[PDB]
Amino acid sequence: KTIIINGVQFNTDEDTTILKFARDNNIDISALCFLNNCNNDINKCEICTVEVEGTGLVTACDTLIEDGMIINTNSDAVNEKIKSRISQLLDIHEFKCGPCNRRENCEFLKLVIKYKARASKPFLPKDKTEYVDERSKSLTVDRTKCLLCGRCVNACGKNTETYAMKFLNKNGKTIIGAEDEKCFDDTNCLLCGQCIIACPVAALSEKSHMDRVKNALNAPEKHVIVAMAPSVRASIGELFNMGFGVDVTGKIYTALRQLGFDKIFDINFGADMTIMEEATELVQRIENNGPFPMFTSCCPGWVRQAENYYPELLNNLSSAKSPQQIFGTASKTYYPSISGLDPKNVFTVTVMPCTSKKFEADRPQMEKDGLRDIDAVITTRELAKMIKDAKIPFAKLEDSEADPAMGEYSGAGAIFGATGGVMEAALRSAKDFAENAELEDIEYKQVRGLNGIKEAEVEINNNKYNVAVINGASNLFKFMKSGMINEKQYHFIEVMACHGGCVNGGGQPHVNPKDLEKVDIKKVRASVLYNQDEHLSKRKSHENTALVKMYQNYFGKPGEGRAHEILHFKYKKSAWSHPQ
Ligand code: SF4
Ligand code: SF4
Ligand code: SF4
Ligand code: SF4
Ligand code: FES
Ligand SMILES: [Mg+2]
Ligand SMILES: [Mg+2]
């Protein structure tokens, strides 16, 4: 093909869109509703408008290049059209960046500045409450910011195939929201927050727990524990202009102390706990030749997916609590026993890459003796905001260490945040347990990486077993609906709702679409975790010295007795009833 763009001739055999071709050749074309290889097919934003001679104005993001095209991306006519569209969006946008939670990384603001757009009539609603939906334990909607770009609807469809995020007709006007404008939690929504990650503006957010946290920190009698997820140490640096793939574990520990938390632990310790219990359960099911398969239960997006779409599998889920909840349980029982704290005064906070974890923490039965396992969950984004509000110079902080009693972790625990991480970690322990051995080959590279569905055959005690790693909620649907689950007997299956695993969770830093083209965010974030695993002396959960002490002195034998009583949680399908 011969293509002319802004007077420059290109000869190409590529079959692609004007936008992609332009961007591959460093020609600037703006875009808004285009993301994840799709745009908003109904009511296109047209921010990607270009001019094609003999055709007129076209949308670059969904128009294929053709031999003979002569394209202008920067004519007066083009720029006036784009400016007009942005002005029209400003007419439905509460343009008050000052207090806005996307102030520092908003795509819309950048477009407004670029084209110097202005509303025809400022959008200034007085009763914001009718634009806001805060009913969910996990998600919140602020429709005064919504551009109706459809990126959330498209991302939900692509990432989960639930289509829980929909366009709705609300009293004659178009909004996005859940089915029948219900609270997301009361629908088939997984609360995974991929819709948030896709949002260019501050219209979708996590349900804030920041006041729970501040209130607890300032309560004189509360002893506030904080523990961060595997993925936080691989990602939060992004929001402090430190770049991608930077391990900031030590800086986080320092920042948390400077924020006034009373104890600095780590959810990776909880991950090693989950493996103790789950590997023990796996070895049990083997020795009892069933039931199979066993599914992981540490992803609450997946648990909701099972609850909402596959209730028949709930009995197959591992009974071990997730690292967050298992940690939380121990923080109200074991931790008082080694500290003297009154359990009622312990307030346990996690920092997560995840919105669905907020729902998990607030499940009514996730408590014992009136004490919540977990009292608050803040996302990576929320912690970043707390750090900046406190004027803590994150990038400049010295490294400190976690408090060890519930802060040590093995390399198995460290890799939980990547797809296949739980699987690999679990196998390292299950194989040692089953064979009564200390095996040296512990790297299961077959279950790593970004393939949607990953399988491996593993040898445990001279019998062969089949494992699968399901990488993304859409791939769970593919795995089940396609009958893949019946090609062979699976014994142990990992499921993560977010593709890439938790490093790509719904509570993570937003990444602007251009950076996403430059950087494989899923692999770069995961690389930090695998690097930790490689350089840790202990690489099996059951070699965690603090964990071993905890079990020896407090819980006893994993998978039975006190451990089973306290550290496990079973989900139940509803009993048959009519009408349904
Ligand atoms: S969403 Fe963006 S443009 Fe709108 S108020 Fe917030 S920062 Fe400003
Ligand atoms: S939280 Fe996940 S399942 Fe629910 S609407 Fe958003 S993307 Fe869809
Ligand atoms: S909530 Fe965000 S992604 Fe969804 S339509 Fe509104 S602005 Fe677009
Ligand atoms: S994959 Fe991780 S971040 Fe995503 S829903 Fe599951 S637990 Fe949350
Ligand atoms: S970016 Fe092309 S129509 Fe929206
Ligand atoms: Mg399209
Ligand atoms: Mg305090």
# chains A, B, ... in the order shown; residues from 1 in each chain; ligands from 1

$ closest_atom_pairs --of "chain A" --to "ligand 5" --cutoff "9 Å" --atoms "only C-alpha atoms and all ligand atoms" --output "JSON lines"
{"residue": "A:19", "atom": "CA", "partner": "ligand 5", "partner_atom_place_in_ligand_line": "2 (Fe)", "distance": 8.3}
{"residue": "A:30", "atom": "CA", "partner": "ligand 5", "partner_atom_place_in_ligand_line": "1 (S)", "distance": 7.2}
{"residue": "A:31", "atom": "CA", "partner": "ligand 5", "partner_atom_place_in_ligand_line": "1 (S)", "distance": 3.9}
{"residue": "A:32", "atom": "CA", "partner": "ligand 5", "partner_atom_place_in_ligand_line": "1 (S)", "distance": 4.5}
{"residue": "A:33", "atom": "CA", "partner": "ligand 5", "partner_atom_place_in_ligand_line": "4 (Fe)", "distance": 3.9}
{"residue": "A:34", "atom": "CA", "partner": "ligand 5", "partner_atom_place_in_ligand_line": "1 (S)", "distance": 4.2}
{"residue": "A:35", "atom": "CA", "partner": "ligand 5", "partner_atom_place_in_ligand_line": "1 (S)", "distance": 7.9}
{"residue": "A:38", "atom": "CA", "partner": "ligand 5", "partner_atom_place_in_ligand_line": "2 (Fe)", "distance": 8.7}
{"residue": "A:39", "atom": "CA", "partner": "ligand 5", "partner_atom_place_in_ligand_line": "4 (Fe)", "distance": 5.5}
{"residue": "A:40", "atom": "CA", "partner": "ligand 5", "partner_atom_place_in_ligand_line": "4 (Fe)", "distance": 6.2}
{"residue": "A:41", "atom": "CA", "partner": "ligand 5", "partner_atom_place_in_ligand_line": "3 (S)", "distance": 7.6}
{"residue": "A:43", "atom": "CA", "partner": "ligand 5", "partner_atom_place_in_ligand_line": "3 (S)", "distance": 8.0}
{"residue": "A:44", "atom": "CA", "partner": "ligand 5", "partner_atom_place_in_ligand_line": "3 (S)", "distance": 4.2}
{"residue": "A:45", "atom": "CA", "partner": "ligand 5", "partner_atom_place_in_ligand_line": "4 (Fe)", "distance": 4.0}
{"residue": "A:46", "atom": "CA", "partner": "ligand 5", "partner_atom_place_in_ligand_line": "3 (S)", "distance": 4.0}
{"residue": "A:47", "atom": "CA", "partner": "ligand 5", "partner_atom_place_in_ligand_line": "1 (S)", "distance": 5.3}
{"residue": "A:48", "atom": "CA", "partner": "ligand 5", "partner_atom_place_in_ligand_line": "2 (Fe)", "distance": 4.5}
{"residue": "A:49", "atom": "CA", "partner": "ligand 5", "partner_atom_place_in_ligand_line": "2 (Fe)", "distance": 6.9}
{"residue": "A:58", "atom": "CA", "partner": "ligand 5", "partner_atom_place_in_ligand_line": "2 (Fe)", "distance": 8.9}
{"residue": "A:59", "atom": "CA", "partner": "ligand 5", "partner_atom_place_in_ligand_line": "2 (Fe)", "distance": 5.2}
{"residue": "A:60", "atom": "CA", "partner": "ligand 5", "partner_atom_place_in_ligand_line": "2 (Fe)", "distance": 6.0}
{"residue": "A:61", "atom": "CA", "partner": "ligand 5", "partner_atom_place_in_ligand_line": "2 (Fe)", "distance": 4.3}
{"residue": "A:62", "atom": "CA", "partner": "ligand 5", "partner_atom_place_in_ligand_line": "2 (Fe)", "distance": 6.4}
{"residue": "A:63", "atom": "CA", "partner": "ligand 5", "partner_atom_place_in_ligand_line": "2 (Fe)", "distance": 8.9}
{"residue": "A:149", "atom": "CA", "partner": "ligand 5", "partner_atom_place_in_ligand_line": "4 (Fe)", "distance": 7.4}

$ write_last_selection --atoms "N, CA, C and O atoms" --output "short mmCIF file (atom, residue, chain, number, x, y, z; two decimals), in the first residue's frame"
data_model
loop_
_atom_site.label_atom_id
_atom_site.label_comp_id
_atom_site.auth_asym_id
_atom_site.auth_seq_id
_atom_site.Cartn_x
_atom_site.Cartn_y
_atom_site.Cartn_z
N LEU A 19 -4.87 4.80 13.12
CA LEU A 19 -4.29 5.06 14.43
C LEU A 19 -3.06 4.21 14.74
O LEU A 19 -2.03 4.73 15.15
N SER A 30 -4.67 11.66 18.65
CA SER A 30 -5.30 11.51 19.95
C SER A 30 -6.35 10.42 19.93
O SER A 30 -6.89 10.09 18.88
N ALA A 31 -6.64 9.87 21.10
CA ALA A 31 -7.71 8.91 21.23
C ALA A 31 -8.26 9.00 22.63
O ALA A 31 -7.58 9.46 23.53
N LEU A 32 -9.51 8.61 22.79
CA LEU A 32 -10.11 8.56 24.11
C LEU A 32 -10.81 7.22 24.30
O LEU A 32 -10.40 6.43 25.16
N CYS A 33 -11.85 6.94 23.51
CA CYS A 33 -12.65 5.76 23.79
C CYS A 33 -11.98 4.47 23.28
O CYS A 33 -12.37 3.37 23.67
N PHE A 34 -10.95 4.59 22.46
CA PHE A 34 -10.19 3.42 22.03
C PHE A 34 -9.25 2.87 23.10
O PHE A 34 -8.36 3.57 23.57
N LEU A 35 -9.45 1.60 23.45
CA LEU A 35 -8.62 0.90 24.43
C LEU A 35 -8.86 -0.60 24.27
O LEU A 35 -9.94 -1.00 23.84
N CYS A 38 -10.56 -1.94 21.10
CA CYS A 38 -11.89 -1.62 20.64
C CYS A 38 -12.25 -0.21 21.04
O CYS A 38 -11.64 0.37 21.93
N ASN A 39 -13.21 0.37 20.33
CA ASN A 39 -13.71 1.68 20.67
C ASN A 39 -15.18 1.59 21.03
O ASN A 39 -15.72 0.48 21.15
N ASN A 40 -15.80 2.74 21.26
CA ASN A 40 -17.20 2.79 21.64
C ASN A 40 -18.07 2.81 20.39
O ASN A 40 -18.32 3.87 19.82
N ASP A 41 -18.51 1.63 19.95
CA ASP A 41 -19.12 1.48 18.64
C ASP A 41 -20.38 2.30 18.46
O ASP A 41 -20.70 2.75 17.37
N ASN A 43 -22.07 5.79 19.62
CA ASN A 43 -21.60 7.09 20.08
C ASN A 43 -20.07 7.13 20.28
O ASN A 43 -19.56 7.38 21.36
N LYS A 44 -19.36 6.86 19.19
CA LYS A 44 -17.91 7.07 19.08
C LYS A 44 -17.48 8.46 19.55
O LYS A 44 -18.12 9.45 19.19
N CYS A 45 -16.38 8.54 20.29
CA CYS A 45 -15.95 9.83 20.83
C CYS A 45 -15.42 10.74 19.73
O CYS A 45 -15.52 11.97 19.84
N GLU A 46 -14.87 10.14 18.67
CA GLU A 46 -14.28 10.87 17.52
C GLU A 46 -13.07 11.77 17.86
O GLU A 46 -12.73 12.65 17.07
N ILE A 47 -12.41 11.51 18.98
CA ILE A 47 -11.22 12.25 19.35
C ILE A 47 -10.07 11.89 18.41
O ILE A 47 -9.13 12.67 18.23
N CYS A 48 -10.16 10.71 17.80
CA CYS A 48 -9.16 10.23 16.85
C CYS A 48 -9.44 10.65 15.40
O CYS A 48 -8.94 10.03 14.46
N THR A 49 -10.25 11.69 15.23
CA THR A 49 -10.58 12.19 13.91
C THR A 49 -9.34 12.59 13.12
O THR A 49 -8.46 13.29 13.63
N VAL A 58 -12.73 11.02 9.25
CA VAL A 58 -12.91 9.63 9.66
C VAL A 58 -12.30 9.41 11.04
O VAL A 58 -11.43 10.17 11.49
N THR A 59 -12.75 8.36 11.71
CA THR A 59 -12.16 8.00 12.99
C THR A 59 -10.97 7.08 12.75
O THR A 59 -11.11 5.98 12.24
N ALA A 60 -9.78 7.57 13.09
CA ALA A 60 -8.55 6.81 12.85
C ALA A 60 -8.52 5.48 13.59
O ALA A 60 -7.89 4.53 13.13
N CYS A 61 -9.18 5.38 14.73
CA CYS A 61 -9.00 4.20 15.57
C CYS A 61 -9.70 2.95 15.03
O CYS A 61 -9.43 1.85 15.50
N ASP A 62 -10.60 3.10 14.07
CA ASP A 62 -11.36 1.97 13.56
C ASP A 62 -11.53 2.03 12.05
O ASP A 62 -12.43 1.42 11.49
N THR A 63 -10.66 2.79 11.40
CA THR A 63 -10.62 2.86 9.94
C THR A 63 -9.31 2.23 9.45
O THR A 63 -8.23 2.66 9.84
N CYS A 149 -17.69 6.87 27.53
CA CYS A 149 -16.73 6.38 26.56
C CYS A 149 -16.80 4.86 26.34
O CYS A 149 -16.22 4.34 25.38
#

$ residues_near_ligand --ligand "ligand 2" --cutoff "7 Å" --atoms "only C-alpha atoms and all ligand atoms" --output "list in words"
residues 152, 155, 156, 157, 159, 160, 162, 163, 164, 165, 178, 184, 189, 190, 191, 192, 193, 194, 195 and 196 of chain A

$ residues_around --residues "region 78-92 of chain A" --least-positions-apart "5" --cutoff "9 Å" --atoms "only C-alpha atoms" --output "PDB file with N, CA, C and O atoms, in the first residue's frame"
ATOM      1  N   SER A  30      -4.672  11.657  18.646  1.00  0.00           N
ATOM      2  CA  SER A  30      -5.295  11.509  19.954  1.00  0.00           C
ATOM      3  C   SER A  30      -6.350  10.424  19.933  1.00  0.00           C
ATOM      4  O   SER A  30      -6.893  10.088  18.884  1.00  0.00           O
ATOM      5  N   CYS A  45     -16.379   8.537  20.288  1.00  0.00           N
ATOM      6  CA  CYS A  45     -15.951   9.827  20.832  1.00  0.00           C
ATOM      7  C   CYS A  45     -15.419  10.744  19.725  1.00  0.00           C
ATOM      8  O   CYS A  45     -15.516  11.967  19.837  1.00  0.00           O
ATOM      9  N   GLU A  46     -14.870  10.145  18.666  1.00  0.00           N
ATOM     10  CA  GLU A  46     -14.282  10.871  17.525  1.00  0.00           C
ATOM     11  C   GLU A  46     -13.074  11.766  17.856  1.00  0.00           C
ATOM     12  O   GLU A  46     -12.727  12.650  17.073  1.00  0.00           O
ATOM     13  N   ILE A  47     -12.409  11.508  18.978  1.00  0.00           N
ATOM     14  CA  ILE A  47     -11.217  12.255  19.354  1.00  0.00           C
ATOM     15  C   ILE A  47     -10.066  11.888  18.409  1.00  0.00           C
ATOM     16  O   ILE A  47      -9.133  12.666  18.234  1.00  0.00           O
ATOM     17  N   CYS A  48     -10.157  10.708  17.800  1.00  0.00           N
ATOM     18  CA  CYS A  48      -9.159  10.231  16.845  1.00  0.00           C
ATOM     19  C   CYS A  48      -9.439  10.654  15.404  1.00  0.00           C
ATOM     20  O   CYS A  48      -8.939  10.031  14.456  1.00  0.00           O
ATOM     21  N   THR A  49     -10.245  11.692  15.232  1.00  0.00           N
ATOM     22  CA  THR A  49     -10.578  12.187  13.912  1.00  0.00           C
ATOM     23  C   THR A  49      -9.345  12.593  13.121  1.00  0.00           C
ATOM     24  O   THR A  49      -8.459  13.287  13.632  1.00  0.00           O
ATOM     25  N   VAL A  50      -9.320  12.142  11.874  1.00  0.00           N
ATOM     26  CA  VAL A  50      -8.362  12.595  10.881  1.00  0.00           C
ATOM     27  C   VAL A  50      -9.138  12.871   9.604  1.00  0.00           C
ATOM     28  O   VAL A  50     -10.323  12.530   9.497  1.00  0.00           O
ATOM     29  N   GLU A  51      -8.473  13.498   8.640  1.00  0.00           N
ATOM     30  CA  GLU A  51      -9.079  13.776   7.358  1.00  0.00           C
ATOM     31  C   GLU A  51      -8.485  12.865   6.307  1.00  0.00           C
ATOM     32  O   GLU A  51      -7.278  12.713   6.236  1.00  0.00           O
ATOM     33  N   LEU A  57     -13.830  13.559   7.072  1.00  0.00           N
ATOM     34  CA  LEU A  57     -13.374  13.203   8.418  1.00  0.00           C
ATOM     35  C   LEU A  57     -13.719  11.752   8.740  1.00  0.00           C
ATOM     36  O   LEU A  57     -14.845  11.308   8.515  1.00  0.00           O
ATOM     37  N   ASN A  72      -4.559  13.696   6.573  1.00  0.00           N
ATOM     38  CA  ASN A  72      -4.090  14.816   7.368  1.00  0.00           C
ATOM     39  C   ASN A  72      -4.653  14.736   8.782  1.00  0.00           C
ATOM     40  O   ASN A  72      -5.865  14.684   8.971  1.00  0.00           O
ATOM     41  N   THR A  73      -3.746  14.735   9.753  1.00  0.00           N
ATOM     42  CA  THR A  73      -4.089  14.537  11.162  1.00  0.00           C
ATOM     43  C   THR A  73      -4.191  15.835  11.938  1.00  0.00           C
ATOM     44  O   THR A  73      -4.591  15.820  13.096  1.00  0.00           O
ATOM     45  N   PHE A 108      -8.450  12.649  30.380  1.00  0.00           N
ATOM     46  CA  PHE A 108      -9.341  13.675  29.871  1.00  0.00           C
ATOM     47  C   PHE A 108      -8.723  15.051  30.060  1.00  0.00           C
ATOM     48  O   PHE A 108      -8.720  15.857  29.141  1.00  0.00           O
ATOM     49  N   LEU A 111      -6.342  15.905  27.450  1.00  0.00           N
ATOM     50  CA  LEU A 111      -6.956  16.222  26.170  1.00  0.00           C
ATOM     51  C   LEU A 111      -7.497  17.642  26.203  1.00  0.00           C
ATOM     52  O   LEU A 111      -7.402  18.373  25.214  1.00  0.00           O
ATOM     53  N   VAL A 112      -8.072  18.019  27.338  1.00  0.00           N
ATOM     54  CA  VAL A 112      -8.644  19.347  27.492  1.00  0.00           C
ATOM     55  C   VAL A 112      -7.541  20.398  27.330  1.00  0.00           C
ATOM     56  O   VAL A 112      -7.718  21.380  26.606  1.00  0.00           O
ATOM     57  N   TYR A 115      -6.064  20.503  23.521  1.00  0.00           N
ATOM     58  CA  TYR A 115      -6.887  21.167  22.516  1.00  0.00           C
ATOM     59  C   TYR A 115      -7.449  22.490  23.025  1.00  0.00           C
ATOM     60  O   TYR A 115      -8.175  23.171  22.301  1.00  0.00           O
ATOM     61  N   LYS A 116      -7.092  22.847  24.258  1.00  0.00           N
ATOM     62  CA  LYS A 116      -7.553  24.088  24.881  1.00  0.00           C
ATOM     63  C   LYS A 116      -9.067  24.200  24.834  1.00  0.00           C
ATOM     64  O   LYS A 116      -9.615  25.249  24.509  1.00  0.00           O
ATOM     65  N   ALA A 117      -9.746  23.111  25.178  1.00  0.00           N
ATOM     66  CA  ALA A 117     -11.200  23.049  25.078  1.00  0.00           C
ATOM     67  C   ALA A 117     -11.871  23.696  26.279  1.00  0.00           C
ATOM     68  O   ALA A 117     -11.319  23.713  27.377  1.00  0.00           O
ATOM     69  N   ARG A 118     -13.081  24.194  26.055  1.00  0.00           N
ATOM     70  CA  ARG A 118     -13.874  24.822  27.106  1.00  0.00           C
ATOM     71  C   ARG A 118     -15.314  24.397  26.965  1.00  0.00           C
ATOM     72  O   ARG A 118     -15.803  24.216  25.853  1.00  0.00           O
ATOM     73  N   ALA A 119     -16.009  24.254  28.083  1.00  0.00           N
ATOM     74  CA  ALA A 119     -17.427  23.933  28.023  1.00  0.00           C
ATOM     75  C   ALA A 119     -18.193  25.100  27.407  1.00  0.00           C
ATOM     76  O   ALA A 119     -17.784  26.247  27.543  1.00  0.00           O
ATOM     77  N   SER A 120     -19.281  24.799  26.705  1.00  0.00           N
ATOM     78  CA  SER A 120     -20.202  25.832  26.241  1.00  0.00           C
ATOM     79  C   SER A 120     -20.959  26.381  27.436  1.00  0.00           C
ATOM     80  O   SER A 120     -21.289  27.562  27.511  1.00  0.00           O
ATOM     81  N   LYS A 121     -21.236  25.484  28.367  1.00  0.00           N
ATOM     82  CA  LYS A 121     -21.924  25.811  29.596  1.00  0.00           C
ATOM     83  C   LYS A 121     -21.349  24.896  30.656  1.00  0.00           C
ATOM     84  O   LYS A 121     -21.509  23.678  30.561  1.00  0.00           O
ATOM     85  N   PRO A 122     -20.638  25.465  31.643  1.00  0.00           N
ATOM     86  CA  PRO A 122     -20.054  24.629  32.692  1.00  0.00           C
ATOM     87  C   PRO A 122     -21.074  23.692  33.324  1.00  0.00           C
ATOM     88  O   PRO A 122     -22.232  24.076  33.524  1.00  0.00           O
ATOM     89  N   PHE A 123     -20.642  22.466  33.603  1.00  0.00           N
ATOM     90  CA  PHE A 123     -21.487  21.491  34.271  1.00  0.00           C
ATOM     91  C   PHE A 123     -21.250  21.589  35.765  1.00  0.00           C
ATOM     92  O   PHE A 123     -20.188  21.234  36.269  1.00  0.00           O
ATOM     93  N   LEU A 124     -22.256  22.098  36.466  1.00  0.00           N
ATOM     94  CA  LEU A 124     -22.144  22.391  37.881  1.00  0.00           C
ATOM     95  C   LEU A 124     -23.395  21.886  38.596  1.00  0.00           C
ATOM     96  O   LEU A 124     -24.320  22.654  38.855  1.00  0.00           O
ATOM     97  N   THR A 144     -20.813  12.312  37.585  1.00  0.00           N
ATOM     98  CA  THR A 144     -20.483  13.681  37.191  1.00  0.00           C
ATOM     99  C   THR A 144     -19.168  13.736  36.423  1.00  0.00           C
ATOM    100  O   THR A 144     -18.834  14.775  35.862  1.00  0.00           O
ATOM    101  N   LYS A 145     -18.423  12.627  36.418  1.00  0.00           N
ATOM    102  CA  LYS A 145     -17.138  12.551  35.720  1.00  0.00           C
ATOM    103  C   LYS A 145     -17.218  11.682  34.465  1.00  0.00           C
ATOM    104  O   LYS A 145     -16.274  11.647  33.675  1.00  0.00           O
ATOM    105  N   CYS A 146     -18.335  10.985  34.286  1.00  0.00           N
ATOM    106  CA  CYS A 146     -18.420   9.953  33.245  1.00  0.00           C
ATOM    107  C   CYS A 146     -18.566  10.526  31.845  1.00  0.00           C
ATOM    108  O   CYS A 146     -19.462  11.325  31.567  1.00  0.00           O
ATOM    109  N   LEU A 147     -17.666  10.089  30.960  1.00  0.00           N
ATOM    110  CA  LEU A 147     -17.623  10.522  29.572  1.00  0.00           C
ATOM    111  C   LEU A 147     -18.447   9.639  28.630  1.00  0.00           C
ATOM    112  O   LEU A 147     -18.529   9.927  27.444  1.00  0.00           O
TER     113      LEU A 147
END

$ closest_atom_pairs --of "chain A" --to "ligand 7" --cutoff "6 Å" --atoms "only C-alpha atoms and all ligand atoms" --output "tab-separated table"
residue	atom	partner	partner_atom_place_in_ligand_line	distance
A:217	CA	ligand 7	1 (Mg)	3.8
A:218	CA	ligand 7	1 (Mg)	4.6
A:219	CA	ligand 7	1 (Mg)	5.7
A:220	CA	ligand 7	1 (Mg)	5.6

$ select_by_dssp --residues "region 10-216 of chain A" --states "alpha helix (DSSP H)" --output "ChimeraX atom specification"
/A:18-24,76-90,107-115,151-160,194-198,210-216

$ atom_distance --atom1 "CA of residue 70 (chain A)" --atom2 "CA of residue 13 (chain A)"
16.2 Å
